[PDB]
Structure formats: structure tokens, C-alpha cells
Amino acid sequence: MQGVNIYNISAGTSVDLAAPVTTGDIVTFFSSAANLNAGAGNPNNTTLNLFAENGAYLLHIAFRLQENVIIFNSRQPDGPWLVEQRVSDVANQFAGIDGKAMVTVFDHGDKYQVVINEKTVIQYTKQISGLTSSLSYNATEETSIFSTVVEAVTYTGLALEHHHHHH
């Protein structure tokens, strides 16, 4: 059935989900800060990640202020990064809301829809499929664009289809 799970992810840590995220499900990362003028990334200021059971990066979201771009990518645990998708201008994606921020990922089965606050920034066609079993928020205490602790809320068991048959 439908359920809500809340996790508090501190910068540089990861967490296993009590209920996995699958097709039709949603996860939102809430930040109590929006530091768009933070220190220099190395090159990442912040990364948000959805991992499969084997450690594969189902979705890697990297926020780079200096390069001024958000990178979306995937890869297997022992493999090379795959084909990256870029969204230029980090500040612009968060425009409208300051002092806080939220990033939402919808798992649509074939694609991951990422929304920054109320703006959909990409319809990321998946490069690797499967259930998300863990999440992570990685950054340093001096250059993250988000608060020290990011609250992740997952809405699972959602899948609702309406079958129409034609012959």
C-alpha cells in the first residue's frame, strides 16, 4: 500500500531505504538552505544519488557552481560514467525560492523526471534500470549548496494504472 518514509541524510552519508523506490514512486530531498554562492566545488559542490542494490548509480545529480552546471548521469559500480546530460546555470533552476530548496525525482520506469522546487529541469531517459534501494547526499561542510542535513521523503507503493484494451 501507499506509504511515506522520512530520512535525514547528513552531508557525506547514505541511507538504505525501508521501502524501495520503483516505477510510479517519488522521492524529494528537502534542504533548509540554498547557498548558491558557496565555496569552490572539487568539482562538485553537492551530489544527490539514487543507488541500486549492487551499488550502481541509477541517477547521479551533481551540482557544480564554478562550472555553473548540473550534471545527470549513471554508471555501474565497476564501470565508467556513461553519457552525461547537462543543465546549465545552477542559480536559475532555483530562482523564485531562496533560503531553502527541494529536489524531486519521479521514477517513471523508463525515465527519471527531476524537478527543482516547481521547475522540471530534465526528463532523464534512464541508462540503467531497477529499484532504488539507497540514497546519498555528498558534500563538505564548507562548499555545499544545501544544508548540513537534507531531509529525504519517499512516497512509495503509488503505481496507479488504467488499462484500456482495443481490438
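In this text, residue numbers run from 1 along the sequence as written.
Engineer: Between 138-146 and 98-106, point out the one with the higher average CA B-factor as the PDB entry records it.
Structural biologist: The recorded data point to 138-146.
Engineer: Going by the B-factors listed in the PDB entry, is the mean over the C-alpha atoms higher for 13-21 or for 154-162?
Structural biologist: Averaged over C-alpha atoms, the B-factors run higher in 154-162.
Engineer: Per the entry, which of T132, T120, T46, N42 tops the list for Cα B factor?
Structural biologist: Of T132, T120, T46, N42, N42 has the highest C-alpha B-factor.
Engineer: Just grab whichever of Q127, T28, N68, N35 has the top CA B-factor as deposited.
Structural biologist: Of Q127, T28, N68, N35, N35 has the highest C-alpha B-factor.
Engineer: Per the entry's values, where does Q85 land by CA temperature factor relative to the rest of its chain, in the lowest, middle or highest third?
Structural biologist: For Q85, the deposited C-alpha B-factor lands in the middle third.
Engineer: By its CA B factor, does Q76 count among the lowest, middle or highest third of the modelled residues in the chain?
Structural biologist: CA B-factor rank for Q76: middle third.
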